[PDB]
Every structure is written in structure tokens, then in C-alpha cells.
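Read through the structure below, which is laid out as C-alpha cells, and then see the notes.
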Amino acid sequence: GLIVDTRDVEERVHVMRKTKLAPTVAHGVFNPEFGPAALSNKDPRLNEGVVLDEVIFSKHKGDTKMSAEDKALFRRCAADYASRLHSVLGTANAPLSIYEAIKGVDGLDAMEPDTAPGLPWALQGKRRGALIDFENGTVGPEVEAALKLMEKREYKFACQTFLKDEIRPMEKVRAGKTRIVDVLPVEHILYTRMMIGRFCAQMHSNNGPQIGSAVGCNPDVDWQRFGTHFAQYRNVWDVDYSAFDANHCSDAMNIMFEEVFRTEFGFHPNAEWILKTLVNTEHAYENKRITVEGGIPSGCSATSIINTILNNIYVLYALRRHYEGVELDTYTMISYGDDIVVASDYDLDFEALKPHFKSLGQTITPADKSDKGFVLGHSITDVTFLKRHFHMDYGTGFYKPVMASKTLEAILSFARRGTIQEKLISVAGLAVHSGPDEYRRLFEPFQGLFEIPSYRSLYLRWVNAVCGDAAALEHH
RNA sequence: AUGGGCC
RNA sequence: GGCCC
Ligand SMILES: [Mg+2]
């Protein structure tokens, strides 16, 4: 986005500056080029001279202003994608009740009871549990009043800035490229779920290529559905973005909210408003109040869906800005936020699409960096989606999500105190697709120390998950 | 150390 | 409690 105002109000938003992540027994064995991101300016691992809280916001390098002609085309692509989207999902997008927003509904998980509260509830020493009854699904006086303000459309707020405590490639930890988390007031997240909760639940249920969204999918069982789909096309592209979230221009966001969340589609008038509040935001980091125009907050209730929707429109826009007579059936794509996989039978020139994505403020580059640019002829087994490859399982013939051995090694190298055992079992679900030999090697360091699931058991669990009949017929 | 997803 | 974005 574009930093338009930097202030120094006399109230610290003390940030958390000590990692919960610690090396495991595997760290000594795998020696990964990874490590927990820097949370403090006084981190010895940082490069001398690097000011953490200057690199954090360095991602905001402006807010691209689209011309009248470009804006007209974008609206035309937004409406077209919306048409497809609401054609599959339906028009049942009525506001969720205060109760359903908290407890959640079929296709939508419940709100986190004990996580960050936001402002100014943090400055007043209050957790979420004090403002909202997460059991019965009722709200306190504070939220109550705020919700009314949002109905009147007069509600203002500030985004709390959090240092994302996670494992990152050493080079970026040493550069100070710590990702940031935009914590929004709990009432804002609640109301957003009230406005578009029904819709989000529908997208999750109807995930797939036809709506261009993988949000809500289960890689275990859906890699077969996505795999056989893309394997039918001549060309498959693995496109990457740089600062996808931050580079959403205000023009694009506004038009997207206006075209997708119209009342005629079964939405509440305030569905469009609440989303537009994400466009112009004020961020509170310690003593500095930074006003940002453009970009998308990280802590939004539907950040992933918003990013995915945009991603779909961007592609349609870029293709229509370069070629003539481009429609939604000219290509196919699956998206999860900034993660994207495109496919088509036409020999599209993605390298030529570069300047067209720039008109949106986005910068595109080919995933694999062996080729100096986008190339044709790639298939589904060449690309990567959700940090997973598309590999064929010889025993079943189905596609299986396989993560790189380095990634898994990095994942198993670090863990937060007292959760090692529960993580191992979770990672085993990811590793199992790397084969018996690789699975065995990765968990070697943990043998005797923790319970490790047998490759056999997790393989059998998978076969039934992806196709029960196949597991049933296997007992002919 | 957060939003949504999935086990 | 983990992973993904
Ligand atoms: Mg990719």
C-alpha cells in the first residue's frame, strides 16, 4: 500500500519480542538453512545496520492508480467472475446471526475464543473472553455498541501490528524480512462474518477449478480432483507474486467489493461497506500510527477468500488486456490467496502479460527459476501448489500431495515448547506421501523419544480418505 | 504469535 | 495443539 501519514501518539502498543519456537532433536541432524524470524531490533542474528521496523513496512511501496479505461475493464472482469461465482454458489448470502457468527455454521469454523483482541481492548487489558461469551454465543456491552456503529456506518478502528513468530529461510531472518500480522478488533471480525459468513461457507464447500478457489479444500483427498483436471490441458503455469497482499491497489479492491458483494446477490448493504474499510487502514505499531491506503490487512476474517477472488479477476483482466475475445472458458485456474495454478490449451504468452499485471501493481514471475521466464509445455506434475507437488501414487493411481524434503526437514527442526508430540503426528500426515524410505529418514531423529505413526497406517488412512470404494474393493 | 482453511 | 495462506 501507500504510507500517507506517520504519527507518534503517546501510547505504546508494546509488541511481543521473544520467540516461542525452539530447536528439536532433528535440528542437529538436518541442519536447515532456516530459523525463527527476528522479533527484536537487538537480535544478534540480524545484519548490522538493518532496522527491523523499517523493513517491516518497506513492503508498502505505493498504491497503483488505475486509469479510467483499465478500471472499466476490471469492473467488467469482476462482474464476469462474480457471475460465475454466484452461479455455482447461489444467492443465499443473508447476514449470519450474532450467534452463528461466533459458534460458526456448516462450512465455517467457530471464532477463536482466546486469541488477540485488538484495539483498544488490548490497551485496556482485556481478552476476547471478556468481551464475548464464546460458549452461549452472546456479546457484551462493548461489542454490542460497536456493532450498532457498524450498522450506522460510522465505525472507525485501528489495526494492531504483530510480529509473526515463525520459521523463515535464514537469509530473510538475517535481512529482517519478518512478516507482520494485522490484528483487527474482534468486533470487526465478528461483523464481517455476519455480512459474508454464509458466502464464505459456500465457497469452502464448493471449492474447485470451476470457481477458481481451493480455500476449504483438503489436499489429502482433493489433489486427485485437482490433478486429473489440470492433466487434461496442454499448458500449465506456476505463477508467483511478490507482496501480493500489500500490492492490491485501492481501485481494484473497491470495484471488486462493488461487483461481487451486491445486494442483488443476496447480500446485506453493509457487506460492501465493511469490506471497503480494509482499503484505507491505520496501523498501530508501538508508538507509531501509520495510515495506509491500499493493500489488505492480514487479520481480516476473510483475507484468504478476498485474495483468492482478486487473484481470479487479475488473471481474467490481464488476459483480456492482451488478447481479444477472452472468456472464462479460455483457461482454467485454482487459487489459494496469492498461490495460483493456471492452465489452458491455448499457447498463452505469460511473459507478455507482465506489464499488464503491473497496471494492477502486481509483479509476476515463474515459480521455477531454472528458466529465465515463462515457458510453454509444462504439465501438472511440474508445478507446485500449497507447497505441494503433484505426484502419482503407483499403488492406487491417484495423485498425492508431496512436499519437498527440505521443507519437511525445516518443519521438524523447530517446535514450540511442549507440543512436539502433537506436531509429529500432524507432520506425519504430510510426510507419508514422500514414500516409505523418505518417511523413515525424516522421523529417525525422533525414534524412541516420541510416538511416530507407521507409514503403513497413514497410507491406509489416506487410501480410504481419497476413495473409500477403492479401499473397499481392495478386499475383493 | 493472528485470520480463514483442513487433520 | 500442527500445517497451509
Ligand atoms: Mg506457486
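Chain identifiers are assigned as A, B, and so on, following the order in which chains appear in the C-alpha cells; residues are numbered from 1 within each chain, and ligands are numbered from 1 in order of appearance.
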Q: Using only C-alpha atoms (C1' of nucleotides) and all ligand atoms, determine which residues fall within 7 Å of ligand 1, then list them as a PyMOL selection string.
A: chain A and resi 238-240+339-341+367+384-385
Q: Would you list the contacts of residue C:2 as a ChimeraX atom specification, taking every protein, DNA or RNA residue within 8 Å and counting only C-alpha atoms (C1' of nucleotides), but skipping same-chain residues closer than 4 positions in sequence?
A: /A:422-423,426-427
Q: Give the strand (DSSP E) residues of stretch 179-314 of chain A, as assigned by DSSP on the backbone, as a PyMOL selection string.
A: chain A and resi 180-183+235-241+280-285+288-293
Q. For chain A, which residues have at least one atom within 12 Å of chain C, if we go by only C-alpha atoms (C1' of nucleotides)? Write them as a ChimeraX atom specification, please.
A. /A:214-219,244-245,298-299,302-308,335-340,385-388,403,407-408,411-412,414-431
With N, CA and C atoms retained, write the just-selected residues as a short mmCIF file (atom, residue, chain, number, x, y, z; two decimals), in the first residue's frame.
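Here's the written file result_10.cif:
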```
data_model
loop_
_atom_site.label_atom_id
_atom_site.label_comp_id
_atom_site.auth_asym_id
_atom_site.auth_seq_id
_atom_site.Cartn_x
_atom_site.Cartn_y
_atom_site.Cartn_z
N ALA A 214 -9.41 -22.87 -3.98
CA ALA A 214 -9.08 -24.09 -3.26
C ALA A 214 -9.27 -23.89 -1.76
N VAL A 215 -9.75 -22.71 -1.39
CA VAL A 215 -9.99 -22.38 0.01
C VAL A 215 -11.06 -23.29 0.61
N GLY A 216 -10.66 -24.06 1.62
CA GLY A 216 -11.57 -25.00 2.27
C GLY A 216 -11.33 -26.43 1.81
N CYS A 217 -10.34 -26.61 0.94
CA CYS A 217 -10.03 -27.92 0.39
C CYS A 217 -9.17 -28.75 1.33
N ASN A 218 -9.12 -30.05 1.08
CA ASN A 218 -8.30 -30.97 1.85
C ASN A 218 -7.29 -31.67 0.95
N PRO A 219 -6.07 -31.12 0.88
CA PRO A 219 -5.03 -31.60 -0.02
C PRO A 219 -4.99 -33.13 -0.12
N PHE A 244 1.90 -9.90 -2.74
CA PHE A 244 0.56 -9.94 -3.31
C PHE A 244 -0.44 -9.14 -2.47
N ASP A 245 -0.46 -9.40 -1.17
CA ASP A 245 -1.40 -8.75 -0.27
C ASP A 245 -1.25 -7.23 -0.24
N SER A 298 -3.93 -8.48 7.24
CA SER A 298 -3.70 -9.92 7.37
C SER A 298 -4.73 -10.60 8.28
N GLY A 299 -5.19 -9.87 9.29
CA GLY A 299 -6.07 -10.45 10.30
C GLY A 299 -7.55 -10.37 9.98
N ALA A 302 -11.85 -12.77 6.32
CA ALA A 302 -11.93 -13.41 5.01
C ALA A 302 -10.80 -12.96 4.08
N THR A 303 -9.61 -12.78 4.64
CA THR A 303 -8.46 -12.33 3.86
C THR A 303 -8.13 -13.30 2.72
N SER A 304 -8.15 -14.59 3.02
CA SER A 304 -7.84 -15.61 2.02
C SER A 304 -8.82 -15.59 0.86
N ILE A 305 -10.11 -15.55 1.19
CA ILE A 305 -11.16 -15.52 0.17
C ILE A 305 -11.07 -14.25 -0.67
N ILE A 306 -10.84 -13.12 -0.01
CA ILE A 306 -10.69 -11.85 -0.70
C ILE A 306 -9.51 -11.90 -1.67
N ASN A 307 -8.38 -12.42 -1.19
CA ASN A 307 -7.20 -12.58 -2.02
C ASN A 307 -7.44 -13.51 -3.20
N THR A 308 -8.14 -14.62 -2.94
CA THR A 308 -8.44 -15.59 -3.98
C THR A 308 -9.32 -14.98 -5.06
N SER A 335 -6.88 -21.29 -7.08
CA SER A 335 -6.17 -20.28 -6.30
C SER A 335 -6.41 -20.40 -4.80
N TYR A 336 -5.38 -20.13 -4.02
CA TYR A 336 -5.49 -20.04 -2.57
C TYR A 336 -4.71 -18.83 -2.08
N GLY A 337 -5.36 -17.67 -2.08
CA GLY A 337 -4.69 -16.42 -1.75
C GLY A 337 -3.82 -15.96 -2.91
N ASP A 338 -2.52 -15.88 -2.67
CA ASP A 338 -1.58 -15.48 -3.72
C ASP A 338 -1.08 -16.70 -4.49
N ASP A 339 -1.31 -17.89 -3.93
CA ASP A 339 -0.91 -19.13 -4.57
C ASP A 339 -1.84 -19.41 -5.75
N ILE A 340 -1.26 -19.72 -6.90
CA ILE A 340 -2.05 -19.84 -8.13
C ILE A 340 -1.50 -20.86 -9.12
N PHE A 385 1.76 -26.26 -5.72
CA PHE A 385 0.60 -25.56 -5.18
C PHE A 385 0.46 -25.88 -3.70
N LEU A 386 0.38 -24.84 -2.87
CA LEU A 386 0.31 -25.02 -1.43
C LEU A 386 1.55 -25.76 -0.92
N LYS A 387 2.71 -25.39 -1.46
CA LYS A 387 3.98 -26.01 -1.08
C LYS A 387 3.95 -27.53 -1.29
N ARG A 388 3.11 -27.98 -2.21
CA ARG A 388 2.97 -29.40 -2.51
C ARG A 388 3.12 -29.66 -4.00
N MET A 403 5.40 -32.77 -0.40
CA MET A 403 6.20 -31.60 -0.08
C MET A 403 7.69 -31.93 -0.19
N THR A 407 11.69 -28.80 3.09
CA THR A 407 10.61 -28.13 3.80
C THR A 407 10.22 -28.91 5.05
N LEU A 408 10.01 -30.21 4.87
CA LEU A 408 9.67 -31.09 5.99
C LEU A 408 10.79 -31.10 7.02
N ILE A 411 10.50 -27.97 8.92
CA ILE A 411 9.33 -28.02 9.80
C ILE A 411 9.61 -28.83 11.06
N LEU A 412 10.32 -29.94 10.91
CA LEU A 412 10.59 -30.84 12.03
C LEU A 412 11.76 -30.36 12.89
N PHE A 414 12.14 -27.27 14.20
CA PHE A 414 11.72 -26.35 15.25
C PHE A 414 10.32 -26.67 15.76
N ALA A 415 10.06 -26.31 17.01
CA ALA A 415 8.75 -26.52 17.61
C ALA A 415 8.59 -25.67 18.87
N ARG A 416 7.35 -25.30 19.17
CA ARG A 416 7.06 -24.54 20.39
C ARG A 416 7.01 -25.48 21.59
N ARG A 417 7.52 -25.01 22.72
CA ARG A 417 7.66 -25.83 23.92
C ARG A 417 6.41 -26.63 24.27
N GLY A 418 6.58 -27.95 24.40
CA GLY A 418 5.53 -28.82 24.91
C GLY A 418 4.51 -29.30 23.90
N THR A 419 4.80 -29.11 22.62
CA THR A 419 3.87 -29.51 21.57
C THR A 419 4.52 -30.41 20.52
N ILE A 420 5.71 -30.90 20.83
CA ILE A 420 6.47 -31.72 19.88
C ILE A 420 5.69 -32.95 19.43
N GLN A 421 5.16 -33.71 20.40
CA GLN A 421 4.46 -34.95 20.10
C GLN A 421 3.23 -34.73 19.22
N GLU A 422 2.47 -33.68 19.51
CA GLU A 422 1.25 -33.40 18.76
C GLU A 422 1.56 -32.88 17.37
N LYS A 423 2.75 -32.32 17.20
CA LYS A 423 3.18 -31.82 15.89
C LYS A 423 3.68 -32.95 15.01
N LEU A 424 4.45 -33.87 15.60
CA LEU A 424 4.99 -35.00 14.86
C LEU A 424 3.89 -35.76 14.12
N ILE A 425 2.83 -36.09 14.84
CA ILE A 425 1.70 -36.81 14.25
C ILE A 425 1.07 -36.00 13.12
N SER A 426 1.04 -34.68 13.28
CA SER A 426 0.48 -33.80 12.27
C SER A 426 1.35 -33.77 11.02
N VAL A 427 2.66 -33.71 11.21
CA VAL A 427 3.60 -33.67 10.10
C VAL A 427 3.66 -35.02 9.38
N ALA A 428 3.42 -36.09 10.12
CA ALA A 428 3.41 -37.43 9.54
C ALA A 428 2.36 -37.52 8.44
N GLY A 429 1.28 -36.75 8.59
CA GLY A 429 0.22 -36.71 7.59
C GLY A 429 0.71 -36.10 6.29
N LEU A 430 1.69 -35.22 6.40
CA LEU A 430 2.27 -34.56 5.23
C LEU A 430 3.38 -35.41 4.62
N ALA A 431 4.20 -36.01 5.49
CA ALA A 431 5.38 -36.74 5.05
C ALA A 431 5.06 -38.07 4.37
#
```
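Within 10 Å of residue A:452, once only C-alpha atoms (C1' of nucleotides) are used and residues closer than 2 positions along the same chain are dropped, the contacting residues are residues 421, 424, 425, 428, 440, 443, 444, 446, 447, 448, 449, 450, 454 and 455 of chain A.
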Q.
Please list as an MDAnalysis selection string every residue within 8 Å of residue A:399, counting only C-alpha atoms (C1' of nucleotides) and excluding residues in the same chain fewer than 6 positions away.
A. chainID A and resid 223:224 227:228 390:393
Go ahead and save the picked residues with C-alpha atoms, as a PDB file, in the first residue's frame.
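Result file part_20.pdb:
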```
ATOM      1  CA  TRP A 223      -5.192 -33.479  -5.009  1.00  0.00           C
ATOM      2  CA  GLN A 224      -6.841 -36.267  -7.008  1.00  0.00           C
ATOM      3  CA  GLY A 227      -4.717 -33.282 -10.507  1.00  0.00           C
ATOM      4  CA  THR A 228      -6.792 -35.148 -13.083  1.00  0.00           C
ATOM      5  CA  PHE A 390       1.512 -33.287  -7.831  1.00  0.00           C
ATOM      6  CA  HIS A 391       2.826 -36.852  -7.803  1.00  0.00           C
ATOM      7  CA  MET A 392       1.231 -40.122  -8.882  1.00  0.00           C
ATOM      8  CA  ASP A 393       0.733 -42.883  -6.317  1.00  0.00           C
TER       9      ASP A 393
END
```
Q: Apply DSSP to the structure's backbone, then extract all residues of stretch 132-230 of chain A labelled alpha helix (DSSP H) and return them as a PyMOL selection string.
A: chain A and resi 141-152+170-173+186-205+219-230
Q | Å distance separating atom CA of residue A:324 from atom CA of residue A:68, one decimal place | A | 19.3 Å
Neighbour list for residue A:233 as a compact mmCIF listing (two decimals) with N, CA, C and O atoms, in the first residue's frame, cut-off 8 Å, only C-alpha atoms (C1' of nucleotides), skip fewer than 6 positions in-chain:
```txt
# COMPACT_ATOMS: atom_id res chain seq x y z
N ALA A 343 -4.00 -22.87 -16.27
CA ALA A 343 -3.90 -23.87 -17.33
C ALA A 343 -4.77 -23.49 -18.53
O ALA A 343 -5.81 -22.85 -18.38
N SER A 344 -4.33 -23.89 -19.71
CA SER A 344 -5.06 -23.60 -20.94
C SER A 344 -4.53 -24.44 -22.10
O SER A 344 -3.39 -24.90 -22.08
N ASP A 345 -5.37 -24.62 -23.11
CA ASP A 345 -4.97 -25.33 -24.32
C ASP A 345 -4.35 -24.36 -25.32
O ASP A 345 -3.62 -24.76 -26.23
N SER A 379 3.29 -29.34 -17.47
CA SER A 379 2.11 -30.07 -17.03
C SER A 379 1.93 -29.96 -15.52
O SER A 379 2.71 -29.31 -14.83
```
Q. Expressed in Å to a single decimal, how great is the separation between atom CA of residue A:163 and atom CA of residue A:287?
A.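 Going from atom CA of residue A:163 over to atom CA of residue A:287, I get 15.0 Å.
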Q.
Need the shell around residue A:192: protein/DNA/RNA residues with any atom at most 9 Å away, counting only C-alpha atoms (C1' of nucleotides). Skip same-chain ones fewer than 2 positions apart. Format as an NGL selection string?
A. :A and (101 or 187-190 or 194-197 or 271 or 274-275 or 300-302)
Q) So which residues touch stretch 166-172 of chain A within 9 Å, counting only C-alpha atoms (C1' of nucleotides), skipping near sequence neighbours fewer than 6 positions away, as a ChimeraX atom specification? A) /A:19-21,32-37,178-179,410-411,414 /B:1
What does the file look like for those residues with C-alpha atoms (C1' of nucleotides), as a PDB file, in the first residue's frame?
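Final output, again-v8.pdb:
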```pdb
ATOM      1  CA  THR A  19      10.126 -16.420  20.060  1.00  0.00           C
ATOM      2  CA  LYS A  20       8.189 -19.453  21.291  1.00  0.00           C
ATOM      3  CA  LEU A  21       9.998 -21.635  18.756  1.00  0.00           C
ATOM      4  CA  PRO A  32      18.295 -26.495   7.821  1.00  0.00           C
ATOM      5  CA  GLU A  33      19.050 -23.091   6.295  1.00  0.00           C
ATOM      6  CA  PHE A  34      16.137 -21.898   8.420  1.00  0.00           C
ATOM      7  CA  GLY A  35      15.376 -20.239  11.754  1.00  0.00           C
ATOM      8  CA  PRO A  36      12.805 -18.244  13.749  1.00  0.00           C
ATOM      9  CA  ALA A  37      12.249 -14.741  12.363  1.00  0.00           C
ATOM     10  CA  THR A 178       9.825 -10.655   9.360  1.00  0.00           C
ATOM     11  CA  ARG A 179       6.235 -10.936   8.152  1.00  0.00           C
ATOM     12  CA  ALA A 410      12.769 -27.414   8.291  1.00  0.00           C
ATOM     13  CA  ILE A 411       9.330 -28.023   9.797  1.00  0.00           C
ATOM     14  CA  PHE A 414      11.721 -26.347  15.248  1.00  0.00           C
TER      15      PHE A 414
ATOM     16  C1'   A B   1       2.267 -15.036  17.585  1.00  0.00           C
TER      17        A B   1
END
```
